[PDB]
Structure formats: C-alpha cells, structure tokens
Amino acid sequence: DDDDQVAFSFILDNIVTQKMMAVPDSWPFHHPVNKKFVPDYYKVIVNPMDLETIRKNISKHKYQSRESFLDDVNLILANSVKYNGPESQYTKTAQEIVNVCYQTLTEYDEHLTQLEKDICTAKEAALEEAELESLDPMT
C-alpha cells in the first residue's frame, strides 16, 4: 500500500498482462484449471497455479520481491512439466511464458532492485514502530 509497493506491483501486473498473457496459445495458463474441463488435473497437481491467481496476488501486494513472484511463475512451468510432460507443447508454451517474464523483468532490473530495498526498509521501520508502540502499554 505504500507508493513503493504500488509501483512494484504495477510493474508485475503489466508484465503478466502485456507480456506473459500475450504469449501465443498461452490460454491454458491464463486461469485456474476447471476440473469439469480437465478431470484428473488436481489428482496430479497438488500445488496449482495460474496467471489469474498471480494477478489476484499482485492486487493484494502479496509479492515484495521478484523472487517470490518468480516462485509462483515457476510453479506454473513445474506443474506443466508434471502434468503434461517436459516435451509437451503445453510445457513449451509455459516455458515461453517464463522466458518472457524473465526478459521483461530484466528491462526493469535497476528500478526493481531499488524498489525491493525500499519496500523492505519501510516494512522494517513500520515493524519496529509497532513493536515499540505495543511494548509501552500506555497510550
């Protein structure tokens, strides 16, 4: 909710919508799998992920780092490797989603490096204030 977290999330959301979702034939990854359409999916995938869920997470500011966002991006790929196989066209398409994620992030490397540091400085200051305000039981 701070300016820096809002700017960080703004970059992640644009990478998802403008770049990752534009990969050709990426539609299997745009939304959660519906068991009515893929009956055995959740018998095999125990940690499902998709781009819409990532966008809901970005909206809630779940990610304060590239690494945490990229953990969920990578889950999409890993799940396709498990469910479809490493050589499936599903998995080739997932791989391209991940590649264009990494490539687009690199175009923002300096600014995202700074934003991650500034988010973490502000979180730490706010944590230390909240700890001190509780510890004195006066107010």
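Residue positions are given as counts along the sequence shown, with the first one as 1. What we label the rigid core is the largest C-alpha set whose atoms superpose within 1.5 Å from one form to the other.
Displacement analysis by core superposition in 9 other deposited structures of this protein ranks 103-111 above the other of 103-111 and 87-95 in root-mean-square C-alpha distance from the shown form. In 9 other deposited structures of this protein, superposed by the rigid core, the C-alpha atoms of 31-39 lie farther from the shown form than the other of 50-58 and 31-39. Legend: mean Cα B-factor per stretch from the PDB entry, 10-18 versus 118-126; the higher mean is in 118-126. Ranking 44, 97, 51, 105 by Cα temperature factor from the entry places 44 first. Annotation for residue 56: C-alpha temperature factor in the middle third relative to the rest of the modelled chain, per the entry.
Compared with the other modelled residues of the chain, the Cα B-factor recorded for residue 39 ranks in the middle third. When all modelled residues of the chain are sorted by CA temperature factor, residue 113 is found within the highest third. Residue-level temperature factors show residue 87 in the highest third of its chain, judged at the C-alpha atom.
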